[PDB]
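Okay, structure first, notes after.
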Amino acid sequence: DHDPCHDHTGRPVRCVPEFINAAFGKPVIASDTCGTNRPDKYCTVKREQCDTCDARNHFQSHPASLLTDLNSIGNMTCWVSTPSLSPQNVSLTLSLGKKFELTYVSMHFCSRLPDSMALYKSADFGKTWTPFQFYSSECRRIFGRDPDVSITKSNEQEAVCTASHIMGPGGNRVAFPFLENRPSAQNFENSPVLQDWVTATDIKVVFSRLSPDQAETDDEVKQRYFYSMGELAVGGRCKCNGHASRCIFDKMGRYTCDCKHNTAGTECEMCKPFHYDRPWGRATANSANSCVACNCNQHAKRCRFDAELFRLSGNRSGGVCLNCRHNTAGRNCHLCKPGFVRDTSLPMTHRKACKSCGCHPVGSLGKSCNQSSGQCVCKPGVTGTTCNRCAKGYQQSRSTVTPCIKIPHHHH
Ligand SMILES: *[C@@H]1O[C@H](CO[C@@H]2O[C@@H](C)[C@@H](O)[C@@H](O)[C@@H]2O)[C@@H](O[C@@H]2O[C@H](CO)[C@@H](O[C@@H]3O[C@H](CO[C@H]4O[C@H](CO)[C@@H](O)[C@H](O)[C@@H]4O)[C@@H](O)[C@H](O)[C@@H]3O)[C@H](O)[C@H]2NC(C)=O)[C@H](O[C@@H]2O[C@@H](C)[C@@H](O)[C@@H](O)[C@@H]2O)[C@H]1NC(C)=O
Ligand SMILES: *[C@@H]1O[C@H](CO)[C@@H](O)[C@H](O)[C@H]1NC(C)=O
Ligand SMILES: [Ca+2]
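Per our numbering, the sequence shown starts with residue 53, numbered consecutively.
The following block contains the structure:
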């Protein structure tokens, strides 16, 4: 149908997947959920209102799945942690299944806004995590960071910690935009540091403290300390480096880019086989940086990119063909192997572009012949196109070093 990766004439152009809420309809894995072991009373103030949380009944259950489901206008389904007068180390983990480039992470809390939480991302499918924003009324003591550290050109990946969520304008909704206040934001397409900043395969929210212990048996106030949230939204695009308009499931089940521009890899981050004439690049407004096919004059199955050759060509071509067949030779299989010669009547792409020199081994000095006329390298006294007969005045000797000696009594 419509390929947004080529313009109406067919020229390659930059293309990106559509911007989505990439959290939506994906599992969130909570470290703790109320009503898991036994019913649990929890209470929220508005007058105080208590409910029972029991995971065995749908009307009483608050699983993490509620975080990325469809919400009704006055009916927000909320996940709820287990009431404890000592709540901490409670985490939510979301797998995107694929690298995305993220614009924002939004959290819509239900009861109270948590005092201290940390946002992390992974870019290796959960193997490792780095922070990217903190929230706390005591950044220094809790998270070992100064509050509201200024972002300069020399710390654009700063993971800021702030207490400004507390009476913030979003109320119970907290949104972190990845590019806000980043100096290189307007130069994103030429900012590897920012391109790294916004790349993630997973997100993780870690809650450390509900309140600074500033907010009747203890079973009663226990029913007020709990984490609770109804909407986890992660806005971004599937990362394809400008070389795909959509991501798909291939026939092996992998979620991956629908790579265009003769690229390959799950992120279109390398060139396809036999497309190694130019270095890979990310597409930009100026140019798609489409990978370029090697030229092996129909004589080679594989090729490789040689960077120094590319730099010597004037940054034009850099593919080196591998194992040229059919007695061809050269980095483009554009020449003839030693002992062969360019059959001019056929094209270089023909399976018989290079015909044997046919040089008679005894009368010639080398197997290789004149690449233009085919004439072989004749020893003294030898003549012929392939140096296979003695010249006038010479006669076949016995030695194979000098097979033609002068004829005695023959005038020269
Ligand atoms: C918020 O939304 C939920 C989910 O309902 C869906 O979403 C809303 C937005 C709307 O689009 C609905 O049409 C959707 O279905 C509401 O919960 C649902 O409420 C209705 C009416 O009370 C209830 O229907 C009865 O179901 C009985 C059987 O119940 C059991 O079986 C179901 C199927 O296995 C389970 O899903 C259910 O949990 C029970 O275990 C049946 O005998 C009756 O004849 C009705 O048909 C739905 O089952 C119920 N879905 C649930 C609980 O998952 C919320 O409604 C609120 O909660 C329930 C418990 C009542 O107290 C409601 O009166 C109350 O309003 C809704 N909250 C709002 C609107 O404030
Ligand atoms: C929090 O829980 C994890 C998972 O068991 C554990 O590895 C970690 O040590 C706990 N505490 C802290 C302070 O990280
Ligand atoms: Ca919800």
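Just so you know, even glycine gets a beta-carbon here, dropped at the ideal spot from N, CA and C.
**OP:** Give the straight-line distance between the Cα atoms of residue 113 and residue 85, rounded to the nearest whole angstrom.
**Re:** One C-alpha to the other measures close to 9 Å.
**OP:** Report back the beta-carbon spacing between residue 173 and residue 186 to the nearest angstrom; my notes put them in contact at under 8 Å.
**Re:** Going by Cβ atoms, the distance from residue 173 to residue 186 rounds to 13 Å, so no, they are not a contact pair.
Original post:
Can you name the residues that DSSP bridges to residue 131?
Top reply: Paired residues: 281.
Original post:
Going by beta carbon distance, what residues of the same chain come within less than 8 Å of residue 142, once the five residues before and after it are set aside?
Top reply: 82, 83, 84, 133, 258, 259 and 279, listed in sequence order.
Original post:
If you draw a straight line from the alpha carbon of residue 118 to that of residue 170, how long is it in whole angstroms?
Top reply: So the two alpha carbons sit approximately 21 Å from each other.
Original post:
Do you know offhand how far residue 464's Cα is from residue 420's?
Top reply: One Cα belongs to residue 464, the other to residue 420, and the distance between them is close to 30 Å.
Original post:
On the three-state DSSP scale, how would you describe residue 118?
Top reply: When DSSP states are grouped into helix, strand and coil, residue 118 belongs to the helix group.
Subject >> Proximity of residue 288 and residue 153 at Cβ, strictly below 8 Å >> reply: Contact: yes.
Subject >> Unbroken alpha helix (DSSP H) run spanning residue 195, endpoints >> reply: Per DSSP, residue 195 belongs to the alpha helix (DSSP H) from 191 to 195.
Subject >> Where residue 101 falls: helix, strand or coil (DSSP) >> reply: Strand at residue 101.
Original post:
Would you report the Cα separation of residue 210 and residue 231, rounded to the nearest angstrom?
Top reply: Distance between the alpha carbons of residue 210 and residue 231: 11 Å.
Original post:
If you count every other CB in all the chains shown that lies within 10 Å of the CB of residue 122, and 16 or more means buried, which is it?
Top reply: The residue is exposed, with fewer than 16 neighbouring Cβ atoms inside 10 Å.
Original post:
Hey, would you say residue 95 sits closer than 8 Å to residue 275, going by beta carbons?
Top reply: For the pair residue 95 and residue 275, the CB atoms are nearer than the 8 Å cut-off.
Original post:
For the beta strand (DSSP E) that contains residue 153, what are its first and last residues?
Top reply: If you look at residue 153, you'll find it in the beta strand (DSSP E) that goes 142 to 161.
Original post:
How would you label residue 246, buried or exposed, when you count the other beta carbons within 10 angstroms and need 16 or more for buried?
Top reply: Taking all protein chains shown into account, residue 246 has 16 or more neighbouring C-beta atoms within 10 Å of its C-beta and is therefore buried.
Subject >> 6 Å Cβ shell around residue 217 - same chain, five flanking residues per side excluded >> reply: The residues are 187 and 226.
Original post:
Any heavy atom of ligand 2 closer than 7 Å to the Cβ of residue 141?
Top reply: It does: the Cβ of residue 141 is within 7 Å (strictly closer) of some heavy atom of ligand 2.
Original post:
Would you call residue 368 buried or exposed, if buried means 16 or more other Cβ atoms sit within 10 Å of its Cβ?
Top reply: Residue 368 should be labelled exposed.
**OP:** Closer than 8 Å by C-beta to residue 455: which residues in its own chain qualify, once you throw out the five before and the five after it? Chain order, please.
**Re:** Correct list, in chain order: 414, 415, 431, 433, 434, 442, 448 and 449.
**OP:** Indicate the three-state DSSP secondary structure (helix, strand or coil) for residue 106 in the structure shown.
**Re:** Residue 106 falls in the coil class under three-state DSSP.
Original post:
Going by C-alpha distance, which of 255, 102, 204 and 327 is nearest residue 177?
Top reply: Comparing Cα-Cα distances from residue 177 to each of 255, 102, 204 and 327, the minimum goes to 255.
Original post:
Quick one, are the C-beta atoms of residue 357 and residue 366 less than 8 Å apart?
Top reply: Judged by beta-carbon spacing, residue 366 lies beyond the 8 Å limit of residue 357, meaning their Cβ atoms are not closer than that value.
**OP:** Report whether the distance from the Cβ of residue 280 to the nearest heavy atom of ligand 1 is below 7 Å.
**Re:** False, no ligand heavy atom lies under 7 Å from that Cβ.
Original post:
Counting contacts by CB-CB distance shorter than 8 Å, is residue 312 in contact with chain C?
Top reply: Any reference to chain C falls outside this structure, which holds one protein chain only.
**OP:** Less than 8 Å between the CB atoms is what I'm expecting for residue 342 and residue 313, so what's the real figure, rounded?
**Re:** So it is a contact: roughly 4 Å between Cβ atoms.
Subject >> Every unbroken beta strand (DSSP E) within the stretch 239 to 315, with a cutoff of 3 residues, ordered by chain >> reply: Segments of the beta strand (DSSP E) lying fully in the stretch 239 to 315: 251 to 261, 280 to 290, 299 to 301 and 307 to 309.
**OP:** Measure the beta-carbon distance from residue 323 to residue 336 and round it to whole angstroms, keeping in mind my assumption that it falls under 8 Å.
**Re:** For residue 323 against residue 336, the beta-carbon gap comes to about 17 Å, at or over 8 Å, which does not count as contact.
Original post:
Taking the alpha-carbon positions, what's the residue 60 to residue 165 distance?
Top reply: About 51 Å.
**OP:** Count the other C-beta atoms from every protein chain shown that fall within 10 angstroms of the C-beta of residue 139, then say buried if there are 16 or more, exposed otherwise.
**Re:** Flag for residue 139 reads buried.
Subject >> residue 283 beta carbon near ligand 3 (any heavy atom closer than 7 Å) >> reply: Result yes, Cβ under 7 Å from ligand 3.
Subject >> Close Cβ partners of residue 21 (< 6 Å) along its chain, the five nearest in sequence each way excluded >> reply: Beyond the ends of the chain as shown, which are 53 and 464, falls residue 21; an answer cannot be given.
**OP:** Express the C-alpha separation of residue 167 and residue 240 in angstroms, rounding to a whole number.
**Re:** Residue 240 and residue 167 have their C-alpha atoms spaced approximately 33 Å apart.
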